[PDB]
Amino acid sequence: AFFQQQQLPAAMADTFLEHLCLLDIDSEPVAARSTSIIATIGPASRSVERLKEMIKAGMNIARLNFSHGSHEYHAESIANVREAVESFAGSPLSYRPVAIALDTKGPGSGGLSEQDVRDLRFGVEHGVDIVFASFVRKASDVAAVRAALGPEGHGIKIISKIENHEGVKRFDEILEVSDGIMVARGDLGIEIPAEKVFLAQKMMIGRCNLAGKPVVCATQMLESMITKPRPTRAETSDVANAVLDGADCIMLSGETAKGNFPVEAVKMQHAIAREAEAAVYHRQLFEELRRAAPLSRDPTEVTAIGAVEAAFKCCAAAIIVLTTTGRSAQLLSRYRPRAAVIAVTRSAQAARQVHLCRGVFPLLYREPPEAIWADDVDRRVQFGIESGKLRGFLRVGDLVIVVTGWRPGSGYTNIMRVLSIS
């Protein structure tokens, strides 16, 4: 029965053709949904009660579109998101962190506009986790956004939006200096021929997967759901194909910001992503990611590949990782394990930001410290297990891979352990 669920017969196939032939509509997904959902906040999704329903439906990142509304409007949106998120903090083992992302207006006819400098400063002052930088055309555009965030905003992630021919052509230099990329298909589909957008999307997703950096697929994914309760056949296909391409995040714009069915749009993306993740051909995917990733003398990099290899060998239910900045969880995520990467962190910001990496489930550790560091480590590992059992990731008898470091502080991950649950 275990080997009939989550497309396991299709995953064991020797060729991609055989894998496609073995896909079964009756094979139910069992793993937790790995691809994060970014929902744009607007009139249709601004109330605290509506936001609680969207968090329950699967929203992981709240997007504020600074192309519309005043700073006062966005500050109220941020406050409503935080109020809805903290209404579930009473149960720490099931609490779900939600990242706040600021999408800039852009340069327009102009480098960095004066409105963008003011909006970026607003973001730092209001503690946003991510910036979706509009119309990035070169590496210097990223440096300008980084400078406008100042010294108080060093920790904010910059996701560069590729929206035109120049951004596509200078992609490598942009990715090198960015934390991740957004395939902004709306403007891209106007700037380049509409029939070429799929080539740009597939290329950028592939290069981001190669680099181990987050990639977001955005715009018109479930467009008809702005007015209709069910999407079209092309829309469900689009969401499934973005997940199959290798997108870490999928986004909703008007579907959540102004549409009549914002919660239903989030539920639909959740349902499709789960089905598409089970249909991923891990046999060739892991081999290609493994082969393409360069040799490394960094112990976090070395422990990550060893842990993902160990997880596949035993069909581990999860990889529990201790992370300060989210980096150790990101290096596990780049190898696309089938096992959930449960990231136990004390940093509330890192817990929100790791939603950018596919298959990373953040757990914000709010338990008292232990005097002995070794006891403190084991306690964070046990917290990971208890929250995993509560959320359905783990059961007694399961095997897990535990990834820790040899000394406190970020940058010292070097240990992988095989642990039997209970």
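The term rigid core refers to the most C-alpha atoms you can superpose between the two forms while keeping them within 1.5 Å. Numbering starts at 1 and follows the sequence shown.
Greater average departure of CA atoms from the shown form, over structures and residues in 8 other deposited structures of this protein after a core fit, characterises 92-100 among 92-100 and 252-260. The entry models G110 and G111 with a gap of 1 to 3 deposited residues left without coordinates. Comparing 124-132 with 311-319, the higher mean C-alpha B-factor in the PDB entry belongs to 124-132. The stretch with the higher mean CA B factor, choosing between 96-104 and 344-352, is 96-104. When the Cα B-factors of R33, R358, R379, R46 are read from the PDB record, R46 comes out highest.
Going by the entry's values, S77 shows the largest Cα B-factor out of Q201, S296, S77, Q330. For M54, the recorded CA temperature factor ranks within the highest third of the chain's modelled residues.
In the PDB entry, a CA B factor belonging to the middle third of its chain's modelled residues is recorded for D172. Ranked within its chain, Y335 lands in the lowest third, by CA B factor from the PDB record. In this PDB entry, the Cα temperature factor of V280 sits in the middle third of its chain's modelled residues.
Annotation for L363: CA B-factor lies in the lowest third of the chain's modelled residues.
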